Structures are given as structure tokens and as C-alpha cells.
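Participant: Right, I'll just put the structure down here and ask away after.
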Amino acid sequence: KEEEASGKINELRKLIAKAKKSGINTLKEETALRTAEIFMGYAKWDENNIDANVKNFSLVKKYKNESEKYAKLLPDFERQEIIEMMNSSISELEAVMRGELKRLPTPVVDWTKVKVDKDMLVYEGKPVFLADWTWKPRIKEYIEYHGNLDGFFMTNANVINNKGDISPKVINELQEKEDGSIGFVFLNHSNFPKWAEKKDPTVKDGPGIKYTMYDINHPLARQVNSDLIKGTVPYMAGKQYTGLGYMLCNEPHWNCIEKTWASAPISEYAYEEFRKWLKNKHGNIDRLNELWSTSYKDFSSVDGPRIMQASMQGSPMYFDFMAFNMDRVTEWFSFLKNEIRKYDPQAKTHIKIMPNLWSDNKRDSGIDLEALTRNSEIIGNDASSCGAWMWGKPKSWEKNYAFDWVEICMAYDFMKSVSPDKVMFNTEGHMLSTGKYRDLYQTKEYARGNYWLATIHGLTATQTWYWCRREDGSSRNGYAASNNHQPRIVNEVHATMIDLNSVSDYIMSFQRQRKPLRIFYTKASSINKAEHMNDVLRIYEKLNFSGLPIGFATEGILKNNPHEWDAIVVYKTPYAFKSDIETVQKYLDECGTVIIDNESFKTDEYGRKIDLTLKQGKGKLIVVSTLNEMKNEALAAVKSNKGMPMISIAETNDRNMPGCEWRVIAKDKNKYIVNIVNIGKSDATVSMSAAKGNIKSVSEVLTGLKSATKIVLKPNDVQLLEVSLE
């Protein structure tokens, strides 16, 4: 397969030179050719280092039993993937050269010239979308086609003394570092300097395991972070390598439920901050004593446990602890951002937030996705998707869906509800592999569908996990059967960016489209309930396959964002802040529509019967009993404001449920752009009609080929169609 692969590579290389002569933009095929050239060397390394790959595959649970076989077959698997990729590239380009496929213009992005503008990354006055790879060697061979993301890494360990002196190695790097390509600054928090630990060992208490291994409420922690930022950021300020911002922490969390993963008790400094937060929350100690059933003489005497028990969920002390943990974490990230802004007043910050700390049920992490998203100039995350785990009972998505769609659809939709006008930067993309998922045979169709779908929901740039391959093909649980062994996956991410760039105005219209239904979200219900996000997902899923972007409402969204929706839905939200209800009342008072079930808005965050109830007044207050009723009323509210899509879609499949998420935008008077992704785990047939009038024609935007009003999508398939009406 070595000789055969080299043959196809040489064939594509000559076809590229010929197409170029005709003025064809061969970026896509050059990207594939470069991928092939790189992975031929990786396959040669694999062929010469079988023993190293046996070890690599043994560390992977589903490839452990057959490790010797897998290490033997890997080199020819990689060459066979290159042969498939060259056959696809040669077929496509020969069709393009013969006028049989229409190739849209697409930019050759110079990353030294990309700028952030509102919710876009701009090259030569147009929106673009960026992909690079974690730990990829920054060499010419790898930055020509596979991304040119720059940046700078630092750690509080680079503060070498109490005086605030910075490691000379770090000063030397920053003095020499060129302006460079668009990049981000990575703040490390796992490595706190030993001199500080020796000076006051309490500085290690109440960590946010494992990525913040010191006390965010300790004064020596604040001195050290202030000293790091003061001594480094003046060298970075305004530089192109800071353009995608300052990443304030890797996967932060301060889990505080005893016997749970990455949990620890909070420090004594943190508990003193808790007494201050309780004084602000409750006003007088008598109000705390009534709720906690305690007899403290004042706020300084509060002296409850420094870690919570799962059995306490629903109690006032538990609520207070989790609410405080969120607020002090938000304040910590505010402190880091305000220190950076002193030395770089243009700094954009973000946080590598795990979206499942909002999309799953747990609220003990101190991660307030709304507050951290609002507080960030760039929407940071490391959203995961991927397929079935290598072990365990099926996840709930496996009944209906090809992959875990919940973070890149529902969490993205929450983040964009909070902040619609920001770039979104996935700083460790987990849409190809995780610790739990791996498949050597992962399809280019899966890879394209995922990056495409995530981009429809707001994703602007991705540093994908991960390019652990060194230039020689050696390695710097995660490695075997990751992208480091998959030539067609590495190539398809960049091919997807090329297509998204080619239609980036359409893509920004899909990202920005009116979200006319907002699901009400409150921390009052998520903190007190074991399974609030099961309920929020159930109503999201119920609404999300009707052609409409589905978004979220909170108190903060209603107070800070234009009310560009037709209705709020309130589902299984029995706990609410009084201020939630008051804010939803003000929306009814502006003639808003609220659709509420029988179970919602019954108590405050302490389970006390609520003094206040929603009154219809000038708006529309609709009480419903079922999910079906709630959906029927929601879509009626959109129809009443003429907000339904201009193209109607029906889906049939062998399941009980839709999987095709679809969207429609206007291209002009009688032409529409239809976006469809099959998130379902089996083939779906979509059937399209005009809402008014009659479909004249359907074509593929990317190919110019004629399509039909009835289409089969395989799982992970993407359709982008131009629909003309008569």
C-alpha cells in the first residue's frame, strides 16, 4: 500500500499543477495532498516502531485485547486512508476542471492578518472560521494548510520569588517573540511556585482540582497572579498573538460534594468569604438562622461544613454553599481579567469551560456558565461530542442520535442566548476523541457534520484535541486511534473550514438568526434539583426540530439583551428567585407571551411558597399540562408573529423521533438557503414544500448540482440547499 499510496499522491500533485494553470483554487486538494505527505511519514514511523504502537494501543480499553494486531495493521490502514483521500481528491478536481461541479471562491487565510470583529473572525473584510490542533509542532510543513494558531503559555511557577521577579527564560521569550499570527495566551494554574507554598502552606488548601492547585481566596495566591500578569502582559499587549484572547483557566471546577470526582473542601479563607456572601444574601443573621435552622449569634460565627453532602441538596445551607461557590469563582475570573486589563486595555478573556458543567445536572463546580460567558469578551469552552463510550450502559442520546449532540447544540445555544455578539473559541475541541470514546474507522462524514453543526450554533474557531505527533512521527490513554492515526479526519476538518468559509455570510446569518422561543433557565431550580437539566433537555429536544433556532431566557438575559423572541416557555422550574418572577412579569407587561406548566414558579430558592404569581395583564399567559401542549402553544406564538420558516420540512426515519435539525434563511425575494444536519442514528428522508406558493427548484449550494424536494440524509450528513419558489 506504500507504493500504491505514493502513486496516487504523485497523481494528485500533477492534477493540482494542471488545475492551477486553469485558474482553479486548489486549496482543498493541496490540503489533502499535504495531509497525505505528512501521514506517509507517520505510517513509515509506525511501520518501524510496531513495539511503540503496541504500548500506545494497550493503553486504550477497546484496543487492548488486539494491541499486537492493531499495531501491525496501523501503517497500511493509514496508507489505505491516504489512497481513499487521493481517489476522492482526484475525482472531485477532475469534475471541477470539466465544469461538472461548481467550486465557490474560498480564501487562502493569512493568520497574521485575521482580526476579531464582534461575533466574527475577519480576513479581507469577510467572516472566516479557524481550525488548528493542540500541541501541533509550529513548523512551515504544518502551518501552511493545517492552521497557524500562535500564542504564549505561562504559569504562576514563572513567579520565582516574593518580590515578583519573573523567570528569565520567560522574559527572554517575550522580548524576542514576534507579533506573529492570531493566537491566545494560556494561563496555567496547576503549578504554583514552591517558594510561596513554603512561605504559607495554607496557600494549597481548597484547590479547584485538578487545574487550580491552590486557594483562589488566599492573599498570597492573588499576589502571585498579580505579579505574573504585571511582569509578562506588558510584552504581549496589542500583539497579534493575543488576538484570540487570554485563556484564564483550563477546565476549572471547585467541586465540593464529598466522595465525588475532583471534590475538595473549601479553604478557611474561602469560608470567611462565604460568611461575607451570606451577610450580603441574608442581611441579618436571624434570616440565615430561620433558613438553616441554626442559632449563630452573627455572621462571623457561621461555622458549617467546608464540604457539602449530596443528601443536603434542597436544603438552604446547600443552596447557599453552591450559590456562593459560583459567585466566588466568578469573582476570581473577574480579578484575573481586571489584572490583565491594567497592562493590556484591549485584552479579550475567555475560560476553557466544560459545557457539561451546565448541560448536565451537577451545580457544585462553582461554574456559572451565564456569568462567565457574559464576563468574557470571547465565548470559551472545550465542548465534547463523540460516539458511544468504550464501556458502560448506553448514554440517553444513543436511543435516537449518532453522537452526543447536547453540548454543541443546547450549551452553545445557551452561551449565544447570553452573549450573541462574541466570537466563540473552543480551545480544546473534543468533537473527534475523548478519554471515553475512540474509533480508528471514524468517518470524514462524522467529522464534517460535527464541525458544521457546531459552527451553525456559533463556533468560530477550534484548537482541536490533538496533534501529539512530533515531526519524526514519534509521540509527545488519548493517543492510539485518535486523529494522530486518521489522515481523512485531519484533512476533513480543514476541508469543512474551506466550505464554511466559502459560504461564511450564510453561516453568520444562520448563527445570528432570531431565536424566537426562549426556554426559561434559573440557578434556583438547577442547584436545588437532582435532575433539572434532564427536564431542560426534554423541552429543548421537543422544540429543536421545527426549523427554528431555540434559545434560553434568564433574569440576566431579560435585563441585558433585546427581547427578540415571541415567547418564553417555563417547564418543570418549581424553584425560582423572586427576581426571576418579577422579571418575567415585566416581559408580560410589555405584551410578551409566557407558556408555563402547572409545576413551575411555586417556591423561592429555599422551597418557601412564593408570595408573588405571574399575572397575564397586557401580555399572554398560557398554562399547559403536557410537553405536546407546550410545543403546540410555542409554535402558535411564532405563527402569530409570522416567524415560521418559509420552507416546511417533514422527516421520516425507522425511529419514533426526528434527528434532522434544519434552518432556513432568505437569499432574496423567492430564494431560500436550507441547512439540514442529520443528528439521528439512522437514515432520514426529508420532504420539503413552500409555506406559501410552490418550490420551482432545489440545488446544492456547494456543488451547484440539481437536488430534489425529497432527500435521504445518512447519519451525520449535511445538506445546504438553495430553494427557489415560483
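To be explicit about the labels: the chains of the C-alpha cells are called A, B, and onward in the order shown, and within each one the residues are counted from 1, while ligands get numbers from 1 in the order they are shown.
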Would you kindly return, as a list in words, each protein, DNA or RNA residue with an atom no farther than 12 Å from any atom of residue A:669, considering only C-alpha atoms and excluding same-chain residues fewer than 5 positions away?

Facilitator: residues 646, 723, 724, 725 and 726 of chain A

Participant: Enumerate the residues of stretch 343-492 of chain A with a DSSP assignment of strand (DSSP E or B), computed from the backbone, and present them as number ranges by chain.

Facilitator: A: 349-352, 379-381, 384, 401, 424-430, 461-464, 469, 475

Participant: For C-alpha atoms, I'd like the residues from the last selection saved as a PDB file, in the first residue's frame.

Facilitator:
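Written out: part-v1.pdb:
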```
ATOM      1  CA  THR A 349     -10.572  36.990  28.000  1.00  0.00           C
ATOM      2  CA  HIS A 350     -12.208  33.580  27.991  1.00  0.00           C
ATOM      3  CA  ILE A 351     -12.195  30.381  30.038  1.00  0.00           C
ATOM      4  CA  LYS A 352     -11.886  26.742  28.812  1.00  0.00           C
ATOM      5  CA  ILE A 379     -17.054  32.611  24.482  1.00  0.00           C
ATOM      6  CA  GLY A 380     -14.572  29.986  25.722  1.00  0.00           C
ATOM      7  CA  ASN A 381     -15.286  26.250  26.095  1.00  0.00           C
ATOM      8  CA  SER A 384     -17.168  17.437  23.618  1.00  0.00           C
ATOM      9  CA  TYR A 401     -28.785  10.133  17.899  1.00  0.00           C
ATOM     10  CA  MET A 424     -16.725  31.515  20.174  1.00  0.00           C
ATOM     11  CA  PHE A 425     -13.341  29.755  20.681  1.00  0.00           C
ATOM     12  CA  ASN A 426     -13.265  26.010  21.512  1.00  0.00           C
ATOM     13  CA  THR A 427      -9.677  25.887  22.930  1.00  0.00           C
ATOM     14  CA  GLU A 428      -9.616  22.079  23.259  1.00  0.00           C
ATOM     15  CA  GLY A 429     -12.074  20.597  20.742  1.00  0.00           C
ATOM     16  CA  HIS A 430     -13.368  17.161  21.886  1.00  0.00           C
ATOM     17  CA  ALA A 461     -12.502  28.847  15.987  1.00  0.00           C
ATOM     18  CA  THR A 462     -11.258  25.478  17.298  1.00  0.00           C
ATOM     19  CA  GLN A 463      -7.911  24.235  18.601  1.00  0.00           C
ATOM     20  CA  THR A 464      -8.811  20.510  18.129  1.00  0.00           C
ATOM     21  CA  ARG A 469       2.664  13.510  16.643  1.00  0.00           C
ATOM     22  CA  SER A 475       4.648  10.901  20.173  1.00  0.00           C
TER      23      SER A 475
END
```

Participant: So the first atom is atom CA of residue A:94 and the second is atom CA of residue A:702; what is the distance between them in Å, to one decimal place?

Facilitator: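 Pair atom CA of residue A:94 / atom CA of residue A:702 returns 16.2 Å.
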
Participant: Got a sec: who's within 8 Å of stretch 519-528 of chain A, counting only C-alpha atoms, leaving out chain neighbours fewer than 2 positions off, as a PyMOL selection string?

Facilitator: chain A and resi 313-315+319+322-323+361-364+517+530-533+536+539-540+550-555+568-571+573-577+580+604-605

Participant: Can you tell me which residues surround residue A:645 at a distance of at most 9 Å, considering only C-alpha atoms, apart from same-chain residues fewer than 5 positions away, and format the answer as a PyMOL selection string?

Facilitator: chain A and resi 546-548+663-665+691

Participant: Now that the selection is made, can you save its residues with C-alpha atoms as a PDB file, in the first residue's frame?

Facilitator:
```pdb
ATOM      1  CA  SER A 546     -39.187  22.523  13.837  1.00  0.00           C
ATOM      2  CA  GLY A 547     -36.847  24.739  11.691  1.00  0.00           C
ATOM      3  CA  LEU A 548     -36.409  27.414  14.455  1.00  0.00           C
ATOM      4  CA  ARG A 663     -32.828  26.060   9.379  1.00  0.00           C
ATOM      5  CA  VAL A 664     -33.974  28.411   6.578  1.00  0.00           C
ATOM      6  CA  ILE A 665     -32.653  31.892   5.638  1.00  0.00           C
ATOM      7  CA  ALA A 691     -45.106  27.559   3.231  1.00  0.00           C
TER       8      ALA A 691
END
```

Participant: Please provide as a ChimeraX atom specification all residues within 6 Å of stretch 289-300 of chain A, with the sequence filter that same-chain residues fewer than 6 positions apart are discarded (counting only C-alpha atoms).

Facilitator: /A:275,316-317

Participant: Tell me, as a short mmCIF file (atom, residue, chain, number, x, y, z; two decimals) with N, CA and C atoms, in the first residue's frame, which residues lie within 8 Å of stretch 173-182 of chain A, counting only C-alpha atoms; anything in the same chain fewer than 4 positions away does not count.

Facilitator:
```cif
data_model
loop_
_atom_site.label_atom_id
_atom_site.label_comp_id
_atom_site.auth_asym_id
_atom_site.auth_seq_id
_atom_site.Cartn_x
_atom_site.Cartn_y
_atom_site.Cartn_z
N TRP A 111 -3.09 34.13 8.60
CA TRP A 111 -3.48 34.24 10.03
C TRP A 111 -2.81 35.46 10.71
N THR A 112 -1.78 36.03 10.09
CA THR A 112 -1.11 37.25 10.58
C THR A 112 -2.06 38.44 10.40
N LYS A 113 -3.10 38.33 9.56
CA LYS A 113 -3.98 39.46 9.21
C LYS A 113 -5.39 39.28 9.78
N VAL A 114 -5.72 38.17 10.43
CA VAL A 114 -7.11 37.93 10.95
C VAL A 114 -7.34 38.82 12.16
N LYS A 115 -8.51 39.43 12.24
CA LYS A 115 -8.92 40.24 13.41
C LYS A 115 -10.28 39.78 13.93
N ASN A 148 -2.63 28.09 11.61
CA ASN A 148 -1.46 28.91 12.03
C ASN A 148 -1.78 29.64 13.35
N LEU A 149 -2.26 28.91 14.34
CA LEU A 149 -2.61 29.48 15.66
C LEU A 149 -1.34 29.70 16.46
N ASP A 150 -1.11 30.94 16.86
CA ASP A 150 0.06 31.34 17.67
C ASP A 150 -0.40 31.33 19.13
N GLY A 151 0.46 31.82 20.01
CA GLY A 151 0.10 32.04 21.41
C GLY A 151 1.30 31.94 22.32
N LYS A 169 13.90 32.97 31.58
CA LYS A 169 13.57 32.20 30.35
C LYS A 169 12.29 32.77 29.75
N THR A 232 4.59 40.12 32.74
CA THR A 232 4.52 39.42 31.44
C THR A 232 3.65 40.20 30.46
N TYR A 235 4.63 42.93 27.69
CA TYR A 235 5.35 42.45 26.49
C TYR A 235 4.37 41.96 25.42
N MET A 236 3.14 41.59 25.80
CA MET A 236 2.18 40.89 24.92
C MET A 236 1.15 41.90 24.40
N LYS A 239 -0.51 42.64 20.77
CA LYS A 239 0.19 41.85 19.74
C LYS A 239 -0.79 40.89 19.07
N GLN A 240 -0.53 40.58 17.81
CA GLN A 240 -1.42 39.70 17.02
C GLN A 240 -1.56 38.35 17.75
N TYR A 241 -0.55 37.86 18.51
CA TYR A 241 -0.60 36.52 19.15
C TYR A 241 -1.53 36.53 20.38
N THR A 242 -2.09 37.67 20.75
CA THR A 242 -3.13 37.81 21.81
C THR A 242 -4.50 38.02 21.18
N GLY A 243 -4.63 38.04 19.86
CA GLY A 243 -5.91 38.40 19.20
C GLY A 243 -7.09 37.49 19.55
N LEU A 244 -6.85 36.20 19.78
CA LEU A 244 -7.92 35.27 20.24
C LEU A 244 -7.87 35.15 21.77
#
```
